[PDB]
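Participant: Below is the structure I would like to discuss, written out as structure tokens.
Cβ placement follows ideal geometry from the backbone for every residue including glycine, while neighbour counts extend to all protein chains displayed. Bear in mind these aren't lab numbers, they're just calculated from the coordinates by the rules spelled out.
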Amino acid sequence: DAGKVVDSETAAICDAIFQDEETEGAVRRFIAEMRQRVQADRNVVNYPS
Amino acid sequence: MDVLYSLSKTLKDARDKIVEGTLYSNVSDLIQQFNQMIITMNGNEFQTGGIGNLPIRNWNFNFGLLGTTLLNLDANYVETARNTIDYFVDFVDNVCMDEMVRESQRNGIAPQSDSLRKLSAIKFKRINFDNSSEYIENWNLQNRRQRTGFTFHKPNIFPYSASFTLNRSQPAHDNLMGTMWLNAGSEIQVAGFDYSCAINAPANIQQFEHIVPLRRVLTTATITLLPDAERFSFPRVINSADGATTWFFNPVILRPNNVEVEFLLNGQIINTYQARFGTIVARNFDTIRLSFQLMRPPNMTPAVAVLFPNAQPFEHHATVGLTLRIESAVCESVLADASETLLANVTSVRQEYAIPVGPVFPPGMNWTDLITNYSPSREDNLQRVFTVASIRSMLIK
Ligand SMILES: [Zn+2]
């Protein structure tokens, strides 16, 4: 779904983990499912890095 | 300890859910757990046994992951997983037998074997799975100081005891008074007697009493009360107090008059029941106080009046008794009972491998000697060993 990461290099790192044939199943399945949390009131955001 | 239960939970589920022909979506989340067991366990090495006749074995883990690409599981996928499960289930047997056999006196709640101390690192914490059993749930609630509870069917709360008490005696032993009792398992049978049948008592009534203290506090018990002690009803000969001589007891049995059963907690009366037989409850208690009395019958037919004269030769002795029995109760410490076999698994390991007597437990794991002096140092060891015996019972019956 619509998920985001924290800047431009942590998207370039996690894309190469998704591609190569060595990473395990619980890590490759995970980075298609990690989520930010916006929470418009209280002004607190969360982004993976 | 928490990761030893988590190894056995997903080896039990791996033999049950990974069957031939099943759909892959039924086992899609177990294989992610079972592959993540293997990644954590590879490269490590272990050593179990060494005490008694328990042999020394070395363990080494180098396995490969399972496939995650079929739609229905076939016989290649089952037979390549059974020869991985059968090595882990042999490892867990020898860790559980290594821990049920050891004990300490300073802090018995800590792990004692070499393998279970090594599994308590933060490297192995990712193997942790759900904790849904009764003993592993009470292991975690009690570790944070929250209130726990074990449910028993006929709990072995009374140590074995069979004795008497003479409130009136002479060396001829022909005019006696007192009580007799048997406390064994979860059953109390007390019986009071009087040879004169209250011929000289004030208002022809003789009062009896029997007080049984417990070792641990029971909660929400279901108790059956019946107005006869069937064990102290026949003629018998009994030795004296110091084993010198023997004395004879020939009973006839009246009904118990004015029965009062009280359920105490720190000397406070929680419950009471007055001439009420059958099934009763007891919400919170640690001391049972039985009270009952003998009354001479004021009207007697000629067949009865010959039995109880006024003079000294009393050939038929009066007897009044009760019978109490705990069906099920909830305690907070571990005990033994009549339904589950956790005490039998602990003693059978120690007897098989010829284990020497240690500093804590009685010789031969005698339950009468263990509930008699049930110290807090023995309670922490007994919970640590019944919990390991509960983990081993999932894999190996
Ligand atoms: Zn039963």
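Participant: For region B:219-234: of the residues being within 14 Å of B:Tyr273 (Cα to Cα) and of a type outside the set (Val, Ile, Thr), which is surrounded by the most Cβ atoms within 10 Å (Cβ to Cβ)?
Facilitator: The selected residue is B:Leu225.
Participant: In addition: Suppose we keep only residues that are within 16 Å of the ligand (Cβ to nearest atom) and charged (D, E, K, R) within region B:327-352. Which one would you say is farthest from B:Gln142 (Cα to Cα)?
Facilitator: B:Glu327
Participant: Return the residues of region B:184-215 that are small (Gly, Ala, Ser) and either loosely packed, with under 14 Cβ neighbours inside 10 Å or over 21 Å from B:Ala162 (Cα atoms) (or both); say none if nothing qualifies.
Facilitator: Within region B:184-215, B:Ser196, B:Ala198, B:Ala201, B:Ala203 qualify.
Participant: With B:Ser120, B:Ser169, B:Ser133, B:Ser163 as the choices, which residue is surrounded by 13 or more Cβ atoms within 10 Å (Cβ to Cβ), farther than 30 Å from B:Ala14 by Cβ and not hydrophobic (A, V, I, L, M, F, W, C)?
Facilitator: The conditions single out B:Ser169.
Participant: Residue check, B:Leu141 against (1) hydrophobic (A, V, I, L, M, F, W, C); (2) free of Cβ contacts under 8 Å to residues at least 24 places away in the same chain; (3) more than 26 Å from B:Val334 (Cβ to Cβ), all met but one. Which one?
Facilitator: With respect to (1) hydrophobic (A, V, I, L, M, F, W, C); (2) free of Cβ contacts under 8 Å to residues at least 24 places away in the same chain; (3) more than 26 Å from B:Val334 (Cβ to Cβ), B:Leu141 is out only on (3).
Participant: Of all residues in region B:311-326 being of a type outside the set (A, V, I, L, M, F, W, C) and away from the ligand (no atom under 15 Å from the Cβ), which is surrounded by the most Cβ atoms within 10 Å (Cβ to Cβ)?
Facilitator: Pass one, region B:311-326, residues of a type outside the set (A, V, I, L, M, F, W, C): B:312-313, B:315-317, B:319, B:321, B:323, B:325.
If we keep only those that are away from the ligand (no atom under 15 Å from the Cβ) as well, we get B:312-313, B:315-317, B:319, B:321, B:323.
Details: B:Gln312: 10, B:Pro313: 6, B:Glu315: 11, B:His316: 14, B:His317: 22, B:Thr319: 24, B:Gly321: 27, B:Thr323: 19.
Result: B:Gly321.
Participant: State all residues of region A:22-45 that are within 14 Å of chain B (Cβ to nearest Cβ) and in a helix (DSSP H, G or I); if no residue qualifies, say none.
Facilitator: A:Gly25, A:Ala26, A:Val27, A:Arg28
Participant: For the condition in contact with a strand residue (DSSP E or B) (Cβ under 8 Å, 6 or more places away or on another chain) and surrounded by 15 or more Cβ atoms within 10 Å (Cβ to Cβ), what is the one hit in B:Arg350, B:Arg289?
Facilitator: Matching residue, one of B:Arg350, B:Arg289: B:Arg289.
Participant: State whether the residues of region B:294-310 include one that is assigned to a strand (DSSP E or B), more than 16 Å from the ligand (Cβ to nearest atom) and surrounded by 15 or more Cβ atoms within 10 Å (Cβ to Cβ).
Facilitator: For region B:294-310, residues assigned to a strand (DSSP E or B), more than 16 Å from the ligand (Cβ to nearest atom) and surrounded by 15 or more Cβ atoms within 10 Å (Cβ to Cβ): present.
Participant: Does region B:359-369 include one or more residues that are over 30 Å from B:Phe232 (Cβ atoms) and among the β-branched types (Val, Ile, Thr)?
Facilitator: yes
Participant: Please determine, by comparing only the residues of region B:147-169 that are away from the ligand (no atom under 16 Å from the Cβ) and of a type in the set (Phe, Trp, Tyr), which one is farthest from the other protein chains (Cβ to nearest Cβ).
Facilitator: Among them, the one singled out is B:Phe164.
Participant: While we're looking at this one, here's another question. Hey, which of the helices (runs of 4 or more DSSP H) in region B:1-112, taking only ones fully inside, have at least 3 residues that are under 23 Å from B:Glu352 (Cβ atoms) and either charged (D, E, K, R) or out of contact with any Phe, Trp or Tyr (no Cβ under 7 Å at 6 or more places or on another chain) (or both)?
Facilitator: B:75-99
Participant: For a quick check of your reading of the model, give me the residue pairs whose first member lies in region B:323-347 and is more than 14 Å from every other protein chain (Cβ to nearest Cβ) and more than 10 Å from B:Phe386 (Cα to Cα), whose second is away from the ligand (no atom under 16 Å from the Cβ) and acidic (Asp, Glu), with beta-carbon atoms closer than 9 Å and at least 6 apart or on different chains.
Facilitator: If the second residue must be away from the ligand (no atom under 16 Å from the Cβ) and acidic (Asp, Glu), the pairs left are B:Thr323/B:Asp228; B:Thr323/B:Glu230; B:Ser333/B:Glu379.
Participant: I'd like the residue in region B:29-45 that is within 11 Å of another protein chain (Cβ to nearest Cβ) and of a type in the set (A, V, I, L, M, F, W, C) and, out of all such residues, is surrounded by the fewest Cβ atoms within 10 Å (Cβ to Cβ).
Facilitator: B:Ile39
Participant: Looking only at region B:88-101, decide whether some residue is out of contact with any helix residue (DSSP H, G or I) (no Cβ under 7 Å at 6 or more places or on another chain) and either within 16 Å of the ligand (Cβ to nearest atom) or aromatic (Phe, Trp, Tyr) (or both). Give the derivation first.
Facilitator: Pass one, region B:88-101, residues out of contact with any helix residue (DSSP H, G or I) (no Cβ under 7 Å at 6 or more places or on another chain): B:90-91, B:94.
Narrowing the set further to residues that are either within 16 Å of the ligand (Cβ to nearest atom) or aromatic (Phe, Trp, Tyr) (or both) leaves B:91.
Yes - at least one qualifying residue is present in region B:88-101.
Participant: Suppose we filter region B:349-383 for residues that are assigned to a helix (DSSP H, G or I) and either under 16 Å from B:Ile51 (Cβ atoms) or acidic (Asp, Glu) (or both); how many remain?
Facilitator: Adding up the residues that qualify gives 8.
Participant: Any residue in region B:198-213 that is farther than 10 Å from B:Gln293 by Cα sitting within a Cβ distance under 6 Å of a residue that is among the polar types (S, T, N, Q) and surrounded by 13 or more Cβ atoms within 10 Å (Cβ to Cβ)? List the pairs, counting only those 6 or more apart or interchain.
Facilitator: B:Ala198/B:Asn204; B:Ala198/B:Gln206; B:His210/B:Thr179; B:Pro213/B:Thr287
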